[PDB]
Ligand SMILES: *[C@@H]1O[C@H](CO)[C@@H](O)[C@H](O)[C@H]1NC(C)=O
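Residue numbers (the entry's author numbering), protein chains in the order written: chain A, 668 to 1069, 1082 to 1101; chain L, -1 to 211; chain H, 0 to 131, 137 to 216.
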């Protein structure tokens, strides 16, 4: 018992060229039936399956981003020089010292030390509580790959198409030419927590002249610590008959603190299925912010005679149902697809009713029995859902009671207004 | 071939030490950010300078920087030093094939120095081979434009002479030249005096260094 | 820690024979980077040759050497190989093994010279140069060797200051170069200045003491 739920029939009078713009986290399923222009009853299946985008980025390990606390201390001496004694800030992890050597007058002098031009006033800015807050990587190069499978008549061919490669067969050619990317080289990816949580994108990550407060000021490189300088100047505040204290009118908040303050002003990104090594970082972008340009061309010299002997026979039967026919609940259909006269055959099964088809599922069937699950949403009260191939469907169906990041394009003519609100 | 061409302009005029220089690299197609700069010192292996058109490679001094607009990029050096006087290349890696550039060589402009000339007679070990070779060294001078001339008993000799020149030094930015007059023992035993003259712009009077047999 | 790569396996081959080049890398994870070979002729621009991936199932070559060159790697010993078919006279250059980062090359080795000619190896001749004051200079002449290169040092190489190795000149299948050193007059002939010359092809190792 078959029903008119076939695929788009395309006569091969001329070559079949196609251009695609695949989103980042999207898998395409384009299938038609190429018709011999010399015989209306000679048709061969053509299936095109393209996977998601795999982003391969050769990166440079920048290290760990450290967060510290600002501290300032002052050290006064009556006689000697500033380069004679030691100070507790000189032994810290990051420290910057500005000393007023031989600048002991009398207005800044304490009640002790009745001398002029003989003392020393050293000021030390150091950072404590250094703790790692995230990991930083720098993009060196980018590479985008997609896995494509074709099914023409009885032939099946798969390949991982790169930017400098194409899946070329005797009749079909699939090329990957362009890629619009959110990421580009010389960018800095910062992961605050683990990888799966995503991260942020920084462009002006300081490398040579880092200051306290800039993104990347304090870094825990594998060679050692890399401390920045300060954004400000020193000054000596003093009163009469008091020890001269040291002031610093500059930036006090660290780079991580300012980043948390204005985190909304930076670019965010997510990752899925991450794989990081000592040289690369592979992941799939789920935000669908990248587009790949794919060119497919099928010549009209298909030789319909060679692709017609012993085609792939497919039988199916609906065996189980679970869910509801309401628009929003969804139902799950189980099909027992039996493939014969072919070792492997790439096609797709649809869950159809008397009128429409509310779901599809692409699967590479093996010679024998195959269990296929199909998800669907919609239907009416008396909708008897069945499993369906191109034209042939199951003998019986089942009835129910009371997105997925896949794209399906089979060229089937959808039902008009007669199937709306019935 | 339908490959991208990276036009790198050679023959850059000399620049003084400590100033700021800028080298350009033009492209036949927009590669947008996939540009790397390299440095090849004379005799040594190449060295990655800058990747990603704006990112310094590890071990590169902070006085290097790069930028550029569409298909027009530049490499800026501030505070020149005698070390980084070499040839620079630019490579694009946007679309295959990843092609290189032509190469631009720098030249540090120093004060004019007088050449340290010296002459060496053939050794006793070389006389056993049957031939003779007189060596004349001219080290540590500037600029590179210099001329050499051989004299045999006062007569001019301009054949059978093999000379070579060295690149600019990475320590004092000076040049050097070695000339060799090759003859046989039969001819070497006929004459007595051999002279090596040199003409440089440091002095209009040519410097003379000779020896007798 | 530090990254170090050394090439080997080059020299002189006949025009129409095979040759395999090796390159040992250390100091980084060899089984995580893409490797590549890049050669450069005498005084010309760089030219990318081949590229291999991590495991070895994907190898990229140039449209010129159609099946002539074969790049391979051994992760167990961290070594890179480049087997070459019968070569031609246009392959005479210096080959570098680089760490390909899918685009730019971030680390280069020393490089080995490959010569494709129908000539025969010739042994060099080392001749000292005796003076004939304030700052005396001495010479060391290496005449009649083939092919390139040679190594010239002074006192086991601990005389890098004031040394001048000059580029060789080709004279009808025979190279020759000279080296110049400058030492104070109080050191020579008060101390023994020794010129060390090495030629890999002819297996030549000569150490000459410069005496008046
Ligand atoms: C990452 O996923 C979260 C999940 O809620 C989403 O809100 C966010 O917009 C995603 N990031 C981007 C850049 O789209």
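We put the beta carbon where it would ideally sit given N, CA and C, even for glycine.
| Check | Outcome |
| --- | --- |
| Below 7 Å between beta carbons is the criterion; list the residues of the segment 40 to 73 of chain H that meet it against any residue of chain A, in chain order. | none |
| Is residue 858 of chain A near ligand 1, with its Cβ less than 7 Å from a heavy atom? | no |
| Please determine whether the Cβ atom of residue 865 of chain A lies at a distance below 7 Å from any heavy atom of ligand 1. | yes |
| Can you give me the start and stop residues for the beta strand (DSSP E) that residue 1025 of chain A sits inside? | 1024 to 1043 |
| Any Cβ of chain H within less than 8 Å of the Cβ of residue 1103 of chain A? | There is simply no residue 1103 of chain A to check, as chain A begins at 668 and stops at 1101 in what is shown. |
| At 7 Å on the CB atoms, spell out the chain H contacts of residue 945 of chain A, in chain order. | 28, 31 |
| Comparing the CB of residue 937 of chain A with every heavy atom of ligand 1, is any distance shorter than 7 Å? | yes |
| Could you tell me if the beta carbon of residue 854 of chain A falls within a distance shorter than 7 Å of some heavy atom in ligand 1? | no |
| Given that residue 74 of chain L touches chain A, what residues does it touch there, using C-beta distances under 7 Å? | Residues of chain A passing the Cβ test: none, with the nearest at roughly 13 Å. |
| Spatial neighbours of residue 189 of chain H within its chain, please: CB distance less than 8 Å, with the 5 preceding and 5 following residues excluded, ordered by chain position. | 137, 138, 139, 140 |
| Out of curiosity, what's the CA-to-CA distance linking residue 974 of chain A and residue 821 of chain A? | 6 Å |
| Applying the 10 Å Cβ sphere with the 16-neighbour rule, what's the burial state of residue 67 of chain L? | exposed |
| Cβ closer than 7 Å: which chain L residues qualify as neighbours of residue 831 of chain A? | 94 |
| Among the candidates L:177, L:189, L:8, L:143, whose CA atom is the shortest distance from the CA of residue 110 of chain L? | L:143 |
| If I'm right that residue 35 of chain H touches residue 99 of chain H with Cβ under 8 Å, what's the distance once you round it to whole angstroms? | 4 Å |
| Note down, in chain order, each residue of its chain lying with its Cβ closer than 8 Å to the Cβ of residue 968 of chain A, except the 5 sequence neighbours on either side. | 838 |
| Can you list, in chain order, the residues of its chain with a C-beta nearer than 7 Å to that of residue 153 of chain H? Leave out the 5 residues immediately preceding and following it. | 112 |
| For a cutoff of 8 Å on Cβ pairs, would you count residue 111 of chain H as touching chain L? | no |
| Can you have a look at residue 685 of chain A and say buried or exposed, based on whether 16 or more other CB atoms are within 10 angstroms of its CB? | exposed |
| May I ask you to verify whether the segment 28 to 40 of chain L touches the segment 83 to 91 of chain L, counting CB pairs closer than 8 Å and requiring at least 3? | yes |
| Decide if the segment 20 to 34 of chain H is in contact with the segment 0 to 9 of chain H; the criterion is three or more beta carbon pairs, one per stretch, under 8 Å apart. | yes |
| Measure from the alpha carbon of residue 954 of chain A to the alpha carbon of each residue in A:874, A:1040, A:849, then state which is nearest. | A:849 |
| Tell me the rounded alpha-carbon separation between residue 60 of chain L and residue 119 of chain H. | 49 Å |
| Around the C-beta of residue 922 of chain A, are 16 or more other C-beta atoms found within 10 angstroms, so that it is buried, or is it exposed? | buried |
| Within the present structure, is the beta-carbon of residue 954 of chain A separated from the nearest heavy atom of ligand 1 by less than 7 Å? | yes |
| For chain A, find out if any of its Cβ atoms is closer than 8 Å to the Cβ of residue 50 of chain L; answer yes or no. | yes |
| What is the rounded straight-line gap between the Cα of residue 904 of chain A and the Cα of residue 745 of chain A? | 17 Å |
| Going by DSSP, which residues form a beta bridge with residue 726 of chain A? | A:806 |
| Need the endpoints of the alpha helix (DSSP H) that residue 183 of chain L sits in, please. | 183 to 186 |
| Would you say residue 981 of chain A faces chain H, with C-beta separation under 8 Å as the test? | no |
| Closest by CA to residue 182 of chain L, which one among L:148, L:38, L:125, L:211? | L:125 |
| Which residue marks the beginning of the beta strand (DSSP E) containing residue 925 of chain A, and which one marks its end? | First-last for residue 925 of chain A: 922 to 928, but that is the alpha helix (DSSP H), not the beta strand (DSSP E). |
| According to DSSP, is residue 195 of chain L part of a helix, a strand, or is it coil? | strand |
| Using a Cβ-Cβ cutoff of less than 6 Å, which residues in the same chain neighbour residue 163 of chain L once the five nearest sequence positions on both sides are dropped? | 175 |
| Any contact between the segment 942 to 949 of chain A and the segment 780 to 799 of chain A? By contact I mean 3 or more CB pairs, one from each, below 8 Å. | no |
| Would a check of beta-carbon distances place residue 60 of chain L closer than 8 Å to chain A? | yes |
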